[PDB]
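S.K.: My file is input-v8.cif. It has mmCIF, C-alpha atoms and all ligand atoms:
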```cif
data_work
loop_
_atom_site.label_atom_id
_atom_site.label_comp_id
_atom_site.auth_asym_id
_atom_site.auth_seq_id
_atom_site.Cartn_x
_atom_site.Cartn_y
_atom_site.Cartn_z
CA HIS A 3 146.16 78.23 115.01
CA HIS A 4 143.92 81.22 114.37
CA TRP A 5 142.52 83.67 116.90
CA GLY A 6 139.39 82.97 118.87
CA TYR A 7 138.03 82.82 122.40
CA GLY A 8 139.08 79.31 123.26
CA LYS A 9 141.48 78.16 125.94
CA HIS A 10 144.71 78.89 123.93
CA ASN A 11 143.90 81.55 121.30
CA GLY A 12 141.77 84.03 123.24
CA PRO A 13 142.03 87.82 123.84
CA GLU A 14 145.23 87.68 125.88
CA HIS A 15 147.01 86.14 122.82
CA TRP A 16 145.77 88.49 120.11
CA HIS A 17 148.63 91.00 120.44
CA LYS A 18 151.08 88.49 118.90
CA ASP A 19 149.29 88.62 115.52
CA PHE A 20 147.79 92.13 115.97
CA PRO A 21 150.18 94.37 117.98
CA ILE A 22 147.57 97.15 117.87
CA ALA A 23 145.94 95.11 120.68
CA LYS A 24 148.14 97.06 123.15
CA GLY A 25 147.38 100.39 121.42
CA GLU A 26 146.21 103.78 122.62
CA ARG A 27 142.48 103.54 121.80
CA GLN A 28 141.43 99.90 122.29
CA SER A 29 137.88 98.70 123.02
CA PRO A 30 135.89 97.75 124.96
CA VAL A 31 136.34 99.77 128.18
CA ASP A 32 134.78 100.00 131.60
CA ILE A 33 132.45 102.99 131.71
CA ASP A 34 133.00 104.74 135.05
CA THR A 35 129.68 106.56 135.30
CA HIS A 36 130.91 108.96 137.97
CA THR A 37 133.92 110.02 135.83
CA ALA A 38 132.05 110.34 132.50
CA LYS A 39 131.51 114.00 131.73
CA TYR A 40 128.14 115.33 130.73
CA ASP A 41 128.62 117.19 127.45
CA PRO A 42 125.76 119.65 126.73
CA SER A 43 127.20 120.12 123.23
CA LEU A 44 126.31 116.50 122.25
CA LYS A 45 123.21 116.21 120.04
CA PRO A 46 120.44 113.58 120.32
CA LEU A 47 121.33 110.50 118.37
CA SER A 48 119.40 110.03 115.10
CA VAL A 49 118.68 106.41 114.26
CA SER A 50 116.82 106.16 110.97
CA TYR A 51 116.07 102.47 110.39
CA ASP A 52 112.63 102.76 108.64
CA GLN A 53 114.02 101.58 105.27
CA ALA A 54 116.57 99.01 106.57
CA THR A 55 116.89 96.00 104.23
CA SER A 56 118.26 92.87 105.89
CA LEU A 57 119.52 90.16 103.56
CA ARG A 58 121.18 87.25 105.29
CA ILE A 59 122.36 85.85 108.58
CA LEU A 60 125.80 84.23 108.83
CA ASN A 61 127.63 82.16 111.44
CA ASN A 62 131.06 83.75 111.05
CA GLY A 63 132.75 81.28 113.44
CA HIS A 64 132.89 83.76 116.36
CA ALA A 65 129.33 85.17 116.45
CA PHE A 66 126.48 85.60 113.96
CA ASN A 67 126.12 88.60 111.63
CA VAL A 68 122.77 89.90 110.42
CA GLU A 69 123.76 91.63 107.12
CA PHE A 70 122.06 94.63 105.51
CA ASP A 71 121.99 95.98 101.98
CA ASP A 72 124.21 99.09 102.38
CA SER A 73 124.42 100.04 98.67
CA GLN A 74 122.03 102.97 99.14
CA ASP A 75 121.31 105.49 101.91
CA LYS A 76 118.68 103.54 103.79
CA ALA A 77 119.44 102.69 107.45
CA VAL A 78 121.60 105.47 108.87
CA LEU A 79 123.04 106.72 112.12
CA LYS A 80 123.84 110.38 112.52
CA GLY A 81 123.81 113.13 115.10
CA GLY A 82 124.97 112.35 118.60
CA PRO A 83 128.78 112.86 118.59
CA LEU A 84 129.04 112.15 114.85
CA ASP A 85 129.88 114.36 111.87
CA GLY A 86 128.08 113.22 108.73
CA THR A 87 126.23 110.04 108.02
CA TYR A 88 127.01 106.44 108.82
CA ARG A 89 125.32 103.52 107.05
CA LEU A 90 124.27 100.27 108.77
CA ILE A 91 126.15 97.25 107.40
CA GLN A 92 125.51 94.48 109.98
CA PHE A 93 124.72 93.72 113.60
CA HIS A 94 125.98 90.97 115.89
CA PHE A 95 126.08 90.13 119.60
CA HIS A 96 128.56 89.02 122.20
CA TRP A 97 127.34 86.82 125.07
CA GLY A 98 128.35 84.65 127.97
CA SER A 99 128.21 81.06 129.17
CA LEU A 100 126.18 82.37 132.17
CA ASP A 101 123.89 85.34 132.65
CA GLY A 102 126.50 87.10 134.84
CA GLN A 103 128.91 87.75 131.97
CA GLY A 104 128.92 88.35 128.21
CA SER A 105 129.01 92.08 127.59
CA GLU A 106 132.20 93.72 126.29
CA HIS A 107 131.67 97.18 127.78
CA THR A 108 131.05 97.21 131.51
CA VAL A 109 129.29 99.91 133.59
CA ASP A 110 131.00 100.58 136.96
CA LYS A 111 132.46 97.04 136.47
CA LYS A 112 128.97 95.52 135.95
CA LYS A 113 128.86 92.89 133.17
CA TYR A 114 125.59 92.32 131.31
CA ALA A 115 124.43 88.98 129.87
CA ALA A 116 125.19 90.14 126.35
CA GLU A 117 125.81 93.16 124.12
CA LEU A 118 124.39 94.04 120.70
CA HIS A 119 126.64 95.92 118.24
CA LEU A 120 125.07 97.73 115.23
CA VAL A 121 127.98 98.53 112.96
CA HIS A 122 127.88 101.52 110.62
CA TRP A 123 130.42 103.02 108.22
CA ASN A 124 131.06 106.67 107.33
CA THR A 125 129.63 107.44 103.84
CA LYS A 127 132.39 109.92 103.09
CA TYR A 128 134.79 106.95 102.65
CA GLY A 129 132.64 105.20 100.04
CA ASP A 130 132.73 101.69 101.53
CA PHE A 131 133.43 99.67 104.63
CA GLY A 132 136.95 98.54 103.67
CA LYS A 133 138.15 102.10 103.16
CA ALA A 134 136.29 103.35 106.24
CA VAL A 135 138.13 100.95 108.63
CA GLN A 136 141.43 102.59 107.67
CA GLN A 137 140.29 105.92 109.02
CA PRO A 138 140.09 107.19 112.64
CA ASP A 139 136.49 108.26 112.13
CA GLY A 140 135.51 105.40 109.77
CA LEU A 141 132.97 103.50 111.87
CA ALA A 142 130.25 104.19 114.39
CA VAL A 143 129.13 101.25 116.51
CA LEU A 144 125.96 101.51 118.53
CA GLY A 145 126.24 99.23 121.58
CA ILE A 146 123.16 98.07 123.51
CA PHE A 147 123.32 95.95 126.64
CA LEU A 148 121.09 92.90 127.20
CA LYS A 149 119.84 91.74 130.59
CA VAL A 150 117.87 88.57 131.25
CA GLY A 151 114.22 89.12 132.18
CA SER A 152 111.13 89.53 130.01
CA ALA A 153 111.43 88.37 126.36
CA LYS A 154 112.22 90.81 123.56
CA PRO A 155 109.54 90.03 120.93
CA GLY A 156 111.57 91.84 118.27
CA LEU A 157 114.49 89.44 118.81
CA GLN A 158 112.51 86.24 118.31
CA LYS A 159 112.86 86.14 114.49
CA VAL A 160 116.63 86.07 115.00
CA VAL A 161 116.52 83.38 117.69
CA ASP A 162 114.27 81.17 115.59
CA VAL A 163 116.64 81.06 112.59
CA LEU A 164 119.76 80.10 114.66
CA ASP A 165 119.15 76.36 114.41
CA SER A 166 119.64 76.78 110.63
CA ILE A 167 123.13 78.32 111.03
CA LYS A 168 124.43 76.25 113.93
CA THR A 169 127.99 75.82 112.64
CA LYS A 170 130.75 78.04 111.27
CA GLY A 171 130.26 79.19 107.69
CA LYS A 172 126.52 78.41 107.54
CA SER A 173 124.21 81.18 106.24
CA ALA A 174 120.48 81.61 105.76
CA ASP A 175 118.27 84.11 103.95
CA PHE A 176 117.11 86.74 106.40
CA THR A 177 114.94 89.39 104.76
CA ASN A 178 112.55 91.96 106.18
CA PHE A 179 114.06 91.98 109.70
CA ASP A 180 113.46 95.32 111.42
CA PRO A 181 116.32 96.35 113.78
CA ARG A 182 114.10 99.03 115.41
CA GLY A 183 112.63 96.19 117.49
CA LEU A 184 116.01 95.74 119.26
CA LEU A 185 116.20 99.38 120.57
CA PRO A 186 115.39 100.41 124.17
CA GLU A 187 113.03 103.30 124.84
CA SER A 188 115.75 105.87 125.68
CA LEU A 189 118.64 106.90 123.38
CA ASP A 190 120.74 108.42 126.24
CA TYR A 191 124.34 107.34 125.60
CA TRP A 192 128.02 107.40 126.51
CA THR A 193 130.57 107.96 123.75
CA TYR A 194 134.34 107.57 123.35
CA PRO A 195 136.92 106.88 120.57
CA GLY A 196 138.00 103.26 120.31
CA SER A 197 138.45 100.18 118.16
CA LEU A 198 137.00 97.03 116.70
CA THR A 199 136.85 94.44 119.49
CA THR A 200 137.97 91.50 117.32
CA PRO A 201 141.08 91.25 115.15
CA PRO A 202 142.17 93.24 113.29
CA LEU A 203 141.42 95.57 116.23
CA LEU A 204 141.56 98.67 114.03
CA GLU A 205 141.31 102.04 115.80
CA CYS A 206 138.53 103.39 113.59
CA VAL A 207 135.40 103.38 115.83
CA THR A 208 133.33 106.10 117.49
CA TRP A 209 131.58 104.06 120.17
CA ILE A 210 128.04 105.05 121.20
CA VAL A 211 126.85 102.90 124.14
CA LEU A 212 123.21 103.28 125.23
CA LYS A 213 122.60 103.58 128.96
CA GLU A 214 119.32 101.67 128.99
CA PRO A 215 119.63 97.90 128.37
CA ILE A 216 117.03 95.79 126.65
CA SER A 217 115.46 92.78 128.30
CA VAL A 218 115.61 89.35 126.71
CA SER A 219 114.34 86.07 128.12
CA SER A 220 116.44 83.27 129.56
CA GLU A 221 115.10 81.09 126.73
CA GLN A 222 116.24 83.56 124.04
CA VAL A 223 119.78 83.78 125.42
CA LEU A 224 119.90 79.98 125.87
CA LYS A 225 119.35 79.63 122.11
CA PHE A 226 122.41 81.86 121.43
CA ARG A 227 124.46 79.47 123.56
CA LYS A 228 123.43 76.48 121.35
CA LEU A 229 125.38 77.86 118.42
CA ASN A 230 128.75 76.37 117.61
CA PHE A 231 132.24 77.86 116.98
CA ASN A 232 133.19 74.68 115.05
CA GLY A 233 132.32 73.74 111.47
CA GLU A 234 129.82 70.99 110.53
CA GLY A 235 131.26 67.55 111.11
CA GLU A 236 133.70 68.75 113.79
CA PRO A 237 133.39 68.12 117.58
CA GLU A 238 131.11 70.57 119.29
CA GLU A 239 132.55 73.79 120.71
CA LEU A 240 129.64 75.79 122.08
CA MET A 241 129.60 79.44 120.98
CA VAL A 242 129.77 81.14 124.42
CA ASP A 243 132.02 83.81 126.00
CA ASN A 244 132.86 85.51 122.70
CA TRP A 245 133.58 88.84 124.45
CA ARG A 246 136.81 90.75 124.77
CA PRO A 247 137.43 92.09 128.34
CA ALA A 248 137.79 95.77 129.23
CA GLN A 249 140.99 97.41 127.95
CA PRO A 250 142.93 100.37 129.47
CA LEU A 251 141.24 103.74 128.97
CA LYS A 252 144.61 105.49 128.60
CA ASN A 253 144.37 109.05 127.39
CA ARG A 254 140.60 109.10 126.75
CA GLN A 255 137.50 110.78 128.16
CA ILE A 256 134.11 109.12 128.05
CA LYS A 257 131.37 111.71 127.44
CA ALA A 258 127.69 111.40 128.51
CA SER A 259 124.73 112.76 126.55
CA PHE A 260 122.72 113.07 129.79
CA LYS A 261 123.07 114.33 133.34
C1 LIG B 1 132.48 88.06 118.00
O1 LIG B 1 132.51 89.27 117.28
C2 LIG B 1 132.38 89.29 115.97
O2 LIG B 1 132.16 88.21 115.36
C3 LIG B 1 132.44 90.52 115.27
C4 LIG B 1 132.31 90.58 113.89
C5 LIG B 1 132.40 91.82 113.24
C6 LIG B 1 132.62 93.02 113.98
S1 LIG B 1 132.71 94.63 113.16
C7 LIG B 1 132.93 94.23 111.38
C8 LIG B 1 134.26 93.63 111.01
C9 LIG B 1 134.50 93.18 109.70
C10 LIG B 1 135.76 92.62 109.39
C11 LIG B 1 136.74 92.46 110.40
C12 LIG B 1 136.50 92.86 111.75
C13 LIG B 1 135.25 93.45 112.04
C14 LIG B 1 132.79 92.93 115.40
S2 LIG B 1 133.07 94.39 116.38
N1 LIG B 1 132.76 93.90 117.95
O3 LIG B 1 134.52 94.77 116.34
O4 LIG B 1 132.12 95.44 115.97
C15 LIG B 1 132.73 91.68 116.01
ZN ZN B 2 130.99 93.44 118.49
#
```
Just give me the structure of the file as structure tokens.
M.R.:
Amino acid sequence: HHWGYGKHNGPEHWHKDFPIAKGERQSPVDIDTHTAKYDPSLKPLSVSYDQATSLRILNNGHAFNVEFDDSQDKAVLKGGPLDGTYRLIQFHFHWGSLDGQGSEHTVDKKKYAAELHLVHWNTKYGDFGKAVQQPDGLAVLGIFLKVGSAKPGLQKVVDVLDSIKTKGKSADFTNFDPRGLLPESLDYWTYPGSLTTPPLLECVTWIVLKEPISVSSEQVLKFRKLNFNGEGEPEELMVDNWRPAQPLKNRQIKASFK
């Protein structure tokens, strides 16, 4: 009886195994755009993905991870609200059963069709496992997806999904360039929070871009053909793998823009 997003093991149950679920800096949150404070001290975000080396794509049972070689300083996030240098380890998405839901963060209560998370760890902690034990261990860049025109830079991901339909399947996935998933503007909101799946560790500086990217109805439909179940089990479509907004508590969301 492990955690998931099904009818009996979903987000409202997670606190029983992971009491940090009811903690002081949980994610995601609703971003109240009127209450977010412009912070002129924030720097432009620096996203340096020119030498990113993707390796593999994995159906992890909850979403799919596109994994990067993070054994050298290649693909890094810095600047913005961050001190030092964070290295890209993987990206994944969260999405809905319908276009009107699927994002984890919300903007003035608006839910997007999906949300991309590029996960990076702080190089001062040496590796990902040590970084997640620290309050400034991770930086996750969050990008909203809306349904409209296709994103040509997403198609290589969508095309490989039929090869990893079920939990625990992986496929080689080299030479994928995550710069093709970025919107034009790097204006962002930022706040201190958590992983959004167990173990829900409070180790993330969230950086959520204001401008969504557009993907086509066909691209998102292919996400919804994935399965939460293993091969040779009855089909459980991989949809609605998003955690809802959590209480903001004693936190301020800062904006990089006025
Ligand atoms: C459906 O979502 C996922 O499948 C998923 C998978 C990994 C991660 S971050 C890496 C990680 C490693 C080990 C344990 C937890 C998280 C996240 S998130 N939203 O917290 O960034 C979400
Ligand atoms: Zn995520």
S.K.: How far is it from atom CA of residue 60 of chain A to atom CA of residue 172 of chain A, in Å with one decimal?
M.R.: 6.0 Å
S.K.: Using only C-alpha atoms and all ligand atoms, find each residue with an atom at most 9 Å away from ligand ZN 2 (chain B) and format the answer as number ranges by chain.
M.R.: A: 65, 93-96, 106, 117-121, 143, 145, 198-200, 245-246
S.K.: Export, as a CSV table (one decimal), in the coordinates of the input, the selected residues with C-alpha atoms.
M.R.:
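Result file follows (part_32.csv):
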```
chain,number,residue,atom,x,y,z
A,65,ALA,CA,129.3,85.2,116.4
A,93,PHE,CA,124.7,93.7,113.6
A,94,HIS,CA,126.0,91.0,115.9
A,95,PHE,CA,126.1,90.1,119.6
A,96,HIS,CA,128.6,89.0,122.2
A,106,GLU,CA,132.2,93.7,126.3
A,117,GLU,CA,125.8,93.2,124.1
A,118,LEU,CA,124.4,94.0,120.7
A,119,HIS,CA,126.6,95.9,118.2
A,120,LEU,CA,125.1,97.7,115.2
A,121,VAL,CA,128.0,98.5,113.0
A,143,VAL,CA,129.1,101.2,116.5
A,145,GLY,CA,126.2,99.2,121.6
A,198,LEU,CA,137.0,97.0,116.7
A,199,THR,CA,136.8,94.4,119.5
A,200,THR,CA,138.0,91.5,117.3
A,245,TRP,CA,133.6,88.8,124.4
A,246,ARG,CA,136.8,90.8,124.8
```
S.K.: Applying 7 Å and all atoms listed in the file, which residues near residue 40 of chain A remain after dropping the ones on its own chain fewer than 2 positions away? List them as a PyMOL selection string.
M.R.: chain A and resi 38+42+257-261
S.K.: Write the selection just made, keeping C-alpha atoms, as an mmCIF file, in the frame of the given file?
M.R.:
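Saved to out-v4.cif:
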```
data_model
loop_
_atom_site.group_PDB
_atom_site.id
_atom_site.type_symbol
_atom_site.label_atom_id
_atom_site.label_comp_id
_atom_site.auth_asym_id
_atom_site.auth_seq_id
_atom_site.Cartn_x
_atom_site.Cartn_y
_atom_site.Cartn_z
ATOM 1 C CA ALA A 38 132.050 110.340 132.500
ATOM 2 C CA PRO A 42 125.760 119.650 126.730
ATOM 3 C CA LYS A 257 131.370 111.710 127.440
ATOM 4 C CA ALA A 258 127.690 111.400 128.510
ATOM 5 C CA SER A 259 124.730 112.760 126.550
ATOM 6 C CA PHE A 260 122.720 113.070 129.790
ATOM 7 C CA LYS A 261 123.070 114.330 133.340
#
```
S.K.: Could you check which of A:193, A:125, A:232, A:188 is closest to residue 255 of chain A, using only C-alpha atoms?
M.R.: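 The closest residue to residue 255 of chain A is A:193.
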S.K.: State, in Å with one decimal place, the distance from atom CA of residue 105 of chain A to atom CA of residue 147 of chain A.
M.R.: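 Rounded to one decimal, the two atoms are 6.9 Å apart.
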